[PDB]
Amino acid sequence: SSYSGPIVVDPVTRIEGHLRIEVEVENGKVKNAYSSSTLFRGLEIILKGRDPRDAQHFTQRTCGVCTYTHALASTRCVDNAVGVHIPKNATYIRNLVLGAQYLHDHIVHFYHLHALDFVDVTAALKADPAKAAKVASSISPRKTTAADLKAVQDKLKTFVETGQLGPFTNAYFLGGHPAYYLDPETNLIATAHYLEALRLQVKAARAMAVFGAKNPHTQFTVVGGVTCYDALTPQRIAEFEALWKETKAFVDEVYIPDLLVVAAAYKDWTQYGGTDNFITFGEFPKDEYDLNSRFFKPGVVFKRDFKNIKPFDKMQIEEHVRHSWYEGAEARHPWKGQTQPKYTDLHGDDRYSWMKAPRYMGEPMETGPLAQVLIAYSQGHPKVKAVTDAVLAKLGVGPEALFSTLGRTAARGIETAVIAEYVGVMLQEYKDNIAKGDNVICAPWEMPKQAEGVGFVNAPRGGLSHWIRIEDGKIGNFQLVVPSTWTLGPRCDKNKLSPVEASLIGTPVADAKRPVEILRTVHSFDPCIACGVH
């Protein structure tokens, strides 16, 4: 007995921004998918004619979830256009704030955006807290007791008995759901840690404000470097280090053990949500002008061929509009980009999204943690290899399992663990540099009347690039090509399904009224529609 017909999920919640997912299902399995982004703002249009130094302040407001990332990309872009080589300490401080962004972002994603697809919070009320504490203590070096977990259960019981379920109202798990598999005890452990993570993320975000002024929307970058002389002081460094160490402890002792326990319970999710091609830009440079100096290196992989990673050629990016709400059908390289809105309503003239459709050598590319992890693994990155092997061994699966919704979710945790450790290495290198007597954080520069620039960030959702053409000292063109544009944009003028659309084909759907399986795969890509469309 299974469903044939359409399903629409609008709004897709527990993402950033405004997404409509449409699928066709045949006999209980998705046969076809459309990724429709339903808000446009037009920041590229707004930037025309302005001072290039102002760009980062506007583009940071592309997104407050991946806050900082676009200020960093625009600053790298204008740094590049003007030819300034920022001081070593500006690279360290920018890199440390970015590392802290990744930890905040991925913790919040797993617990506060993704986990309600897999955790039945109300079933936690049925759990035995003593048994749950035993299980929590067996998966982590941190000891959890029955009383620790009963406190959570007691608070949850008061909440549910009020009849005001708040954010849990009409949850797909209420009353039970055939695709929710966790036992009560594991639901209680995850619910406890969801709640804990609401307070831990405050500290993970504060780490960014220690050097970067505030979170959200940092204010310490300038063309040529950074502004925060106080970041050189031992007291601000100690403050950052203490917040980092507590955030890392949470990653290592709470997030990754929970990720592995939920993955182990949902091992069938190794069979859905795979994709073919991967792109990543690398991150955490030693040299701002050499992507191959980054701790994660750039790369391109087609058809899962990881023995043949291809170099990243920035000139092989084109953004399509044929199935998007923009004029015409011509794909453009972003240094020749165009943002000419033309709405035709849903599927009018075969157009169904405000995102453009970026293609690399004509192909749709997944970007984000799975691409960063798989490509760095295949480049022989020893930290990525150590963590990914340990994860596969704990789950008892082969490498092929990574090409899936479960694998992508696991890769997000892997990259969090690896970056959490690497933040301590960057912090020590920064300390050592200050101790050598280098106290410089900004370099002088001059605005050219005509220039091209590009800035590359591997953000928590993947390869981010900002592209400027300066004319008469002003912004002649400014184009953002953002990770979620790659992953969740629509089809191109060759009608190739985008990574999220292709990954949905084959998804089983147990209950079309509560299609949590579609959410599991969509959320595994960590969509950001404000990012994707800008």
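The numbering used is simple: start at 1 and walk along the sequence shown.
Exercise for the section: Can you let me know which of the two, 398 to 406 or 314 to 322, has the higher average C-alpha B-factor in the entry? Expected result: Result of the comparison: 398 to 406.
Problem - Which of 507 to 515 and 16 to 24 has higher mean CA B factor, as the PDB entry lists it - result: Comparing averages over the C-alpha atoms only gives 507 to 515.
Exercise for the section: Name the one of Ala209, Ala204, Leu72, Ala393 with the greatest CA B-factor according to the PDB entry. Expected result: Top of the list by C-alpha B-factor: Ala393.
Exercise for the section: Can you pull the Cα B-factors for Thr227, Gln428, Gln101, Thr280 from the entry and say which is highest? Expected result: Most elevated C-alpha B-factor of the set, per the entry: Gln428.
Exercise for the section: Consider only the C-alpha atoms of the modelled residues in this chain, order them by B-factor as the entry records it, and name the third containing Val30: lowest, middle or highest. Expected result: For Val30, the deposited C-alpha B-factor lands in the highest third.
Handout entry: Ranked against its chain, the third holding the CA B-factor of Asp287
Key = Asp287: CA B-factor falls in the highest third of its chain.
Handout entry: Within-chain third of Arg461 by Cα B-factor, per the entry
Key = Lowest third.
Practice task
Comparing against every modelled residue in the chain, figure out the third that the C-alpha B-factor of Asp51 lands in (lowest, middle or highest).
Solution key: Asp51: CA B-factor falls in the lowest third of its chain.
Problem - CA B-factor ranking of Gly380, expressed as a third of its chain - result: It falls in the top third of the chain.
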